[PDB]
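Here's the structure we're looking at; comments come further down.
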Amino acid sequence: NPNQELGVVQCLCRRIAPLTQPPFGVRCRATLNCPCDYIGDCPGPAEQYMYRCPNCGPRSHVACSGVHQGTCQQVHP
Ligand SMILES: [Zn+2]
Ligand SMILES: [Zn+2]
Ligand SMILES: [Zn+2]
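As C-alpha cells, this is what we get:
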C-alpha cells in the first residue's frame with residue numbers, strides 16, 4: 026500500500042506535532058465583544074486539530090478565523 030501523508034501542527038506547548046487526521050470544521054464557541062450589547066455565536070470558520078505531541082501525547086485544540094472582537098460592523102454585519 027502507498028503511504029498516507031499527514032500534516033504537522035504546532036502544539037499548544039509550541040512543539041511540532043503530527044496530525045492524526047486532517048483538520049475538520051467545528052462550531053466556534055468563543056464569545057463576542059462588540060461595543061454594544063449584541064449576543065451571538067461566531068459563524069466561523071473554525072477548525073479542530075487532532076495530533077499526538079511527542080511531549081504532551083494525544084492533544085487537540087480549535088482555531089477560528091472569524092472576528093471575535095472589534096466594531097459592531099466587524100463582529101456582526
Ligand atoms: Zn505539546
Ligand atoms: Zn470564531
Ligand atoms: Zn455590536
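Using UniProt numbering, you'd call the opening residue of the sequence shown number 26 and step up by one each time. All C-beta atoms, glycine included, are put in the ideal place defined by N, C-alpha and C.
Nonlocal neighbours in the same chain, by C-beta distance under 8 Å from residue i, ignoring five residues either side
i	result
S85	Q73, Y74, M75 and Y76
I64	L57
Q46	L31 and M75
Residue i CB to nearest heavy atom of ligand 3 below 7 Å
i	result
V87	no
Any non-hydrogen atom of ligand 2 closer than 7 Å to residue i Cβ
i	result
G65	no
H93	yes
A71	yes
6 Å CB neighbourhood of residue i in its chain, flanking five on each side removed
i	result
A88	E72
Neighbour-count burial assignment, residue i, 16 or more Cβ in a 10 Å radius
i	result
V33	exposed
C38	exposed
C67	buried
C61	exposed
Residues near residue i in its chain [Cβ-Cβ closer than 7 Å; skip 5 each side]
i	result
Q98	none
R40	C78, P79 and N80
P48	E72, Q73 and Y74
| task | Collect the residues with a C-beta less than 5 Å away from any heavy atom of ligand 1 and give them in sequence order along the chain. | result | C36, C38, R40, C78, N80 and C81
| field | Unbroken stretches of the alpha helix (DSSP H), 4 residues or longer, contained in the segment 73-101 | value | 97-100
| Whose beta carbon lies closer than 5 Å to any heavy atom of ligand 3, going through the chain in order? | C59, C61, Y63 and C97
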